[PDB]
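Below you'll find only one chain, the form deposited in one PDB entry, shown as structure tokens.
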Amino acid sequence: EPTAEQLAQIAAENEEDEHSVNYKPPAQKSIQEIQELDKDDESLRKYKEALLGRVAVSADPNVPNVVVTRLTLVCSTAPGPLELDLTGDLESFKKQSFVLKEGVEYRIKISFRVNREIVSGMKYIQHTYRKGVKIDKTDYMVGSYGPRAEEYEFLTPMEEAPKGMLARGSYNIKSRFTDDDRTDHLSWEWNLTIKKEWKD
């Protein structure tokens, strides 16, 4: 017997880990505005230059500020590559069989690209569902970034995979990339499956 409705008991995490004096999002200023705030201060210009770099801004119409390219599963034990082309068709992910061997330590490689402005405190929210029940809430802060031609590649901390002796089923995963401005850059769903062996 794999699973029952003891999924609600698994919520021995959920929400109660908030208890913190809230941050407070920063005003919605902009690069050009930042650039003109203290032109008089040589020290501050050097400061903005190190953080903001210099020039190179392409497509303004079609292209949004943030554009996630992919999500890669970095694992030394995984024989076959695990990626998700977060470009174009996303419905395809609603019928894939993503296997992930139990108990293995792993990490996520987020690959995005900032185009025009600053992305303040961008985060990756992941919701894990089993039989329609949300049994896990997870937030991976990526941080604030500036616009540039070359793509960024963020890695999440090393985490362990669950032991299949019980919960070795298939999950519905809902994910989205938002930020301090509540802007929803992307949102999609996909299915993952735990097993006892790699590609069994």
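C-alpha atoms forming the largest set that superposes within 1.5 Å between two forms make up the rigid core. Start at 1 with the first residue shown and count on from there.
> Comparing 148-156 with 128-136, which stretch shows the greater average C-alpha B-factor in the deposited entry?
Of 128-136 and 148-156, the stretch with the higher C-alpha B-factor average is 128-136.
> Of the two stretches 14-22 and 183-191, which shows the higher Cα B-factor on average in the entry?
Result of the comparison: 14-22.
> Which listed residue, 113, 123, 109, 95, has the largest C-alpha temperature factor in the record?
Top of the list by C-alpha B-factor: 95.
> Among 61, 169, 143, 53, which carries the highest Cα B-factor?
Checking the PDB record, the top C-alpha B-factor among 61, 169, 143, 53 is at 61.
> So where's residue 163 on the chain's Cα temperature factor ranking, which third?
For residue 163, the deposited C-alpha B-factor lands in the highest third.
> Which third, lowest, middle or highest, does the C-alpha temperature factor of residue 89 belong to within its own chain?
For residue 89, whose C-alpha B-factor we compare with every modelled residue in the chain, the answer is the highest third.
> Compared with the other modelled residues in the chain, in which third is the CA B-factor of residue 78?
As the PDB entry reports it, the C-alpha B-factor of residue 78 lands in the highest third of its chain.
> Where does the C-alpha B-factor of residue 57 rank in its chain, lowest, middle or highest third?
Tercile = highest for this residue's CA B-factor.
> Compare the C-alpha B factor of residue 118 with those of the other modelled residues in its chain, then answer lowest, middle or highest third.
Its C-alpha B-factor, which the entry lists for residue 118, ranks in the lowest third among residues of this chain.
If you look for the form deposited in another entry, you will not find it shown, but the lines that follow are about it.
> Answer yes if the Cα of residue 162 shifts by 2 angstroms or more between the shown form and the other one on a rigid-core superposition, and no otherwise.
After core superposition, the C-alpha of residue 162 moves 2 Å or more between the shown form and the other one.
> With a shift of at least 3 angstroms, figure out whether the C-alpha spacing between residue 129 and residue 185 grows or shrinks in the other entry: closer or farther?
They are closer; the C-alpha distance drops by 3 Å or more in the other entry.
> Classify the change in Cα distance between residue 183 and residue 147 in the other entry as closer or farther, relative to the shown form (magnitude of 3 Å or more).
Relative to this form, farther apart in the other entry.
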